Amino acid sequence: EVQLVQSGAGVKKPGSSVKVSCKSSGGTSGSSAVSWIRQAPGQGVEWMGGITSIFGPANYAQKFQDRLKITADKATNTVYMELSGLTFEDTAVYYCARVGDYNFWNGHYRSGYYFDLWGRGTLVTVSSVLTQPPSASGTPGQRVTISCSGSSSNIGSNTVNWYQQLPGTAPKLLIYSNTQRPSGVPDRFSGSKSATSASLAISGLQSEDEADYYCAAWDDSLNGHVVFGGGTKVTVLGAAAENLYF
């Protein structure tokens, strides 16, 4: 029922600024922790900023601090994002995503920074840390494993989350808090964390699992940011030849 409705796609000239809206419509309306995540065509997902602590008005990723402005109209439940000084490198799909455990934040509780709900995405086009294997593969029924290496400041200190991204869709929470599976995710998917590394295991591989898989964790470096993995394109190969004598 609860959904994030984003503004439509648009073309901006280089140098100009773009504003994207994200209205929270449906169900449990009140207070949320919306973050802005972008994804350039054929590229991985990248966290730009958003509300990530009880301490300040907004937190921006170091890369975006100079050009991003993140605002919110509490009266209308709409969250805005304004990116100025646009270049061809800013052509991407801009998503807004809500942090799932916002209701528990108290300055002592360490959030998982898992993205509960996502917007459909807004395509903005300009015209005039975590190590993951680029690809993985397996025949149907096999158990494929994706590794996700990090540092002490991210995986060593915080929980790991996994997202599955099907073509033409926003990433979806697959595993949260290292091993947990949100309702809908089958028992076939399983997570695991050890020291500064994490792993996703897709047991009993199905053709429907051919998607991009991203790994994510909070990084305590600087004022904090959510870091993502490069992504892994899991390809479901054709089943092996069958012996006819048995």
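So that there is no doubt, residue numbering starts at 1 and follows the sequence shown.
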With respect to the deposited sequence, is there a break between residue 128 and residue 129 in this entry, and if so is it 1 to 3, 4 to 9, or 10 or more residues, or none at all? 10 or more
Averaging the C-alpha B factors as listed in the entry, name the stretch that ends up higher: 26 to 34 or 53 to 61. 26 to 34
Stretch exceeding the other in mean C-alpha B-factor - 191 to 199, 64 to 72: 191 to 199
Temperature factor at the Cα of residue 186, chain-ranked in thirds, falls in the highest
State the tercile, meaning the lowest, middle or highest third, of residue 100 with respect to the CA B-factors recorded for its chain. middle
Grab the CA temperature factor for residue 13 from the record and place it in the lowest, middle or highest third of its chain. highest
Taking the chain's C-alpha temperature factors as the reference, tell me which third residue 119 falls into: lowest, middle or highest. lowest
Can you tell me which third, lowest, middle or highest, the CA B-factor of residue 172 falls into for its chain? lowest
